[PDB]
Every structure is written in C-alpha cells, then in structure tokens.
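Here you get one chain, nothing else, as structure tokens; it is the form deposited in one PDB entry.
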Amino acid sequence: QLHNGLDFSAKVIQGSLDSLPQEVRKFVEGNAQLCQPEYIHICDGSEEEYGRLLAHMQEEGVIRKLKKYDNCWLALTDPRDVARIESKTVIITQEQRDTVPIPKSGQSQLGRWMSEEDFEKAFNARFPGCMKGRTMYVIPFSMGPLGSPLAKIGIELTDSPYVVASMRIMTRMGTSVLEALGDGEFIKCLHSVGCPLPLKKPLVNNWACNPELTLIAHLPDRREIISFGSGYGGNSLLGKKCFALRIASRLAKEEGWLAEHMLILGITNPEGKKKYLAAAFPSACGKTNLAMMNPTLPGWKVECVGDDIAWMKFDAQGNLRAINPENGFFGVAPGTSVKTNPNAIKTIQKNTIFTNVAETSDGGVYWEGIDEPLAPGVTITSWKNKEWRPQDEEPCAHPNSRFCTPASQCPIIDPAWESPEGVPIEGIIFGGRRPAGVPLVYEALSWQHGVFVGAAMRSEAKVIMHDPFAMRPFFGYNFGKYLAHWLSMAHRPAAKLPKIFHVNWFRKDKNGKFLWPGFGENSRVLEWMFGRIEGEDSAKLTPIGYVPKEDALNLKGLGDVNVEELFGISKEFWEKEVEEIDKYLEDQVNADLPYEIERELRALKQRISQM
C-alpha cells in the first residue's frame, strides 16, 4: 500500500489478521474498510472470552444477571425489535423464478425475491460506516459437529456482543473452527445493528437496532448472508435460519441432500429397539415438546438430537442420515412449564441467556404458562421493565420471548447428537394445528403421496394458513423445484425412503374441547409409527392414507377417548380440503408444480369422490 488505510492490524484487540486463512482475512478486512469499526475482535470461543463479554454487557446495561440461577442472563429489547421479520427478509438471484415460483395471483406466499440491482442500492444505503465507534466481532462457527462430513462453516461479522454470546451457545464457535476451516470455503455472514456512533437516534432500552432500515438478505450464488438493523434471533444469529435453512436448502439442492425445518428424536421401545424420527411442524404446534418428550408409556424412552433443524443425506448404504447443525436451543419461553416440557425446564436453569421474559424479585424468570406459583412477597418485573401484576391486560413476557440454552445440558440429549456420521432417519412426521377434519395420525400411501402430504400442510395461525414442509418462511429457492428435489429421492437406487406420517394433536369436538390430551400421551402415536416402520399389520386404509386399525392404538391409562371423532373422516370436509389444496398449489406453484404432485392431488380427489 501507499499509505496506511487498508491494513487494520493496529485495530485488532483479540487475535491476529496474519493468522487467518487468506479468504477469511479478505472478508474481515474488506468489511472493516466498509463498516469502519473502531476495533476488531477475532473470537476464540473460550470461556474467558464469554465471561468477559457478558460482564461488559452487564457493565453497559445491555444485559442483567439473573441471581437465582447458575450463570444466567436476561436481555430486554427495544419493543420494535422483538422477532424475525418476514416482510424485510429477501433472497437475491438473477431471475425471480429461481427464488420463488411466479404466482398466478401475483403475490407469492413462498418467499420474497429482490433483484441484484435493488439490493445493491439497499446495501449502499446501510453498511458504509455502520460500525463507527463499535467493535467488529469475528465469529468463526461450524454448523454441525466439527469435522462431520455434513457440517458447514461460516464466518459472521457483527457489532453486537449479544450475537457473539448467543452464537457461542447456538453454534460451535472459536479458534478450533478456524483451524478446521483452513483454506476451505465458508458462508460469508455480515451483520450490523445499524447504529454507528455517535448515535443519530435515541437508544431504547440499551438495545441497538434500526427498525426502519431492517433488511435480512441472502445471496446464495455469492455464498453471502447480509443482515442489517435487527439484533433479534433469526435476523442476527445468522447460523440458524439464514444459513441452516435458506442458504443450506439451496446448497442441499445443488449437492444432493436436504436442509429441513425438522426436529430429530431417538425413540427406544420396551423390546430394546431404537429408531430415529424427524418432524416438521409449523409455529406453536409442540415441536420442542415432542423433541424432548417424556413418554407416559412405561418402557419407552425419547431422546433429543435436535429441536429445530435437520441436515440429511443418504449414505452409500441408502440410509437417510441426519445431523442437528445447531449447538443449542433457541426456544419460545412462554408456555414452557414442568407439565408441558419438564426437560426444557431442567435445561434452562444454568448457562442460559433469556430475552424478553419477566424477572422475579429473587432474580428468577417468569412468563405466561410457566404454571409455577411464586412465594408471597415475590414480585414481577415485566419484559418492558415495569412492575407487573397478573391483573394487568399486557403479558409479563413478550409472546416471542426466548431462552437460548446449550444443547449438551438437555437431560435427555441423545448420545449420538454430536455423532459426525449422523443418525439414520426411519420416519418423517408432518403436522399442523387443525381444529376440524384431520385425524390424530395418518400414514402416507407412498413416497410421492408423502411429498404431497408435506406440500399440503396447513395450520391454524384465527385463520388456517399454508405452511408446506413447515418451510414457508425458509425456502432457499423455488418451492416447485424443492418438491421435485424431494421426489427425486425415490430414484436413488438403494435409497431407504423413510415412512411418512401426518399428525394432528389439536382436533377439537363440536364444543371447542381438544379430543387428545397430548404431551407425554403422544408417545402412544409414536408407538404406532414405530410398529408401522417395523412392518406391523396395524393399519386401516382410508382415502387420505393409512390410519390405526380398531384397537391398534394404546389407549390404556387414558379415560374414554372419543376415537370415532378423533379419527373421523368426512367426505364433505375433505372435498373442501382438496379443493383448497388444488387452488393453493395452482396459484402459488403454477408452472413449477411437479407432475407427481398434480397426480397425487388428482388421486386424493378421486378417492374422496368415491366415499
């Protein structure tokens, strides 16, 4: 160089730019030149670093220590920055059709495309100088067990220590990742809260964000994730949704594998047999509940591999092998109780960061549906930092409030949850919240029918909406092409295609009362699936697929469960259902709907027409 402007060595407060692989230095230094951070901190992922970072956030008023627990912390956000924001989440490709099918109605529910030229303008209006007066943290992270053949590495730059702490929990991060990477490829992840110093606008609740300029972008062809303006969860912790679902699903398409919005659990029966199952559910359908369920059936065990995301690839033997690419759980707090999720309660009592929950007088946590009384004298501070009484109209915790907790701490974490080869998936479960019409459990008639069942997924938001594969907000590319990708798995010689099931825990009677007790009782449905995978003759054929035979389900210990209503299938309901599915698929998928999905649709309408 001719002057002193391109070498950022003098500003490195941890690590060394010289030590980084060539491409990692270029990524760091080039974005330092653009964002103008005061300091550069190359994260080592050590306990020392983590402790120091947390104490600093505490010293700044960014987080509070929760004194009741072992090393637990609370962040309360600006009320404007409280969730993943779909409307400001976009994917950039040369052609719109590579990102979303072109809808007949003109508005796609299946993603949000932005042109390269539009994004460049948006980028230029946000990032130049954005980290002025702040530290740029460099987070080297692995998605998946370090050195799993299914693992992928990222480098996230961020000006938020909250993101650093949370990424330590949610990914494998630090020096060993940099050493594992070498000169290999990595996903480029750029994040800024968008508040350069001196601050141009008021800081609310010591929580830096820029709501008006919030934009979460994915550029799969450039292997880049670029996120600006939000410090919250899926917007800022770039490994989780942006990388592990959006970028990864496109990589999966390119490379022959699957990046899915699925829990992974291992279930052991009383005959000492173990099987792994994956499950894709939409929001508020008991996903974490199922992943760390304690079964009510004696002699059965459930163990948790992951509660959110699965990366799956068929091996040389034809087994569908899955890994959890995450290193922790980022769960919705409200509704987490000893009765709904006792294992979550045990997990989150130490080494956990909470966001937007209430705090009790003795330094504990509180939220709606915690179902745990407080001793007289103990008072509650809401997530809005105000004194709170259960007589108030507003909740003590934000509905989207979170815990962020180490996976290793789950008392029923699966012994193979970090196995680099992954676990063999023998069943895949789709499901949604449906008050009417949809039986407790059915089984797809074939792989193609199963792909159709995923494609047709609907769930009560009240309004029933489509969430195919529970991937609606997360498709990395054209949904029609994603369906074709799924269907292509049947044409792999020797592929062992898992059995596909659909579940509905949420069927109500004519009064609005749930017909199924759920929770640990769901083990009875898992038992049925287990037997079906073993080839048990325990099914009855219906127009929608296989259901449990009369007396096939274990209902002992339950009272009088209304099986007729729970498993009832109405021609009138399913006529309406199939018509709605048809209209949705025609509109939203159009020219990109695979022939086999059109065929399954026709086949279902025909079976229904014959009842």
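Note that residue numbering follows the sequence shown and begins at 1. For the two forms, the rigid core is made up of the largest set of C-alpha atoms that agree within 1.5 Å on superposition.
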Exercise for the section: Please figure out whether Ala461 and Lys462 are truly consecutive in the deposited sequence or have unmodelled residues between them, and give none, 1 to 3, 4 to 9, or 10 or more. Expected result: 4 to 9
Practice task
Return whichever of 43-51 and 561-569 has the greater mean Cα B factor according to the PDB record.
Solution key: 561-569
Handout entry: Stretch exceeding the other in mean C-alpha B-factor - 397-405, 509-517
Key = 509-517
Exercise for the section: Just grab whichever of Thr99, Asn205, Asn71, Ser538 has the top CA B-factor as deposited. Expected result: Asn205
Exercise for the section: Specify which of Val163, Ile323, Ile425, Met293 carries the largest Cα B factor in the deposited PDB entry. Expected result: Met293
Practice task
Select lowest, middle or highest to describe the third in which the CA B-factor of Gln588 falls within its chain in this entry.
Solution key: lowest
Exercise for the section: Just say lowest, middle or highest third for the CA B-factor of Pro435 relative to the other modelled residues in its chain. Expected result: lowest
Practice task
Compare the C-alpha B factor of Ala552 with those of the other modelled residues in its chain, then answer lowest, middle or highest third.
Solution key: highest
Exercise for the section: Within this chain's modelled residues, let me know which third the CA B factor of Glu59 belongs to: lowest, middle or highest. Expected result: highest
Practice task
Grab the CA temperature factor for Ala603 from the record and place it in the lowest, middle or highest third of its chain.
Solution key: lowest
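Another form, the form deposited in another entry, is not on view; read the next lines as being about it.
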Exercise for the section: Might you check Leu487, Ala284, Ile533, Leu219 and identify the only one whose CA position changes by 2 Å or more between the shown form and the other one on rigid-core superposition? Expected result: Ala284
Problem - Per-residue C-alpha change between the shown form and the other one, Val561, threshold 2 Å, rigid core fit - result: yes
Practice task
Determine, after fitting the two forms on their core, whether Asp509 shows a C-alpha shift of 2 Å or more between the shown form and the other one.
Solution key: yes
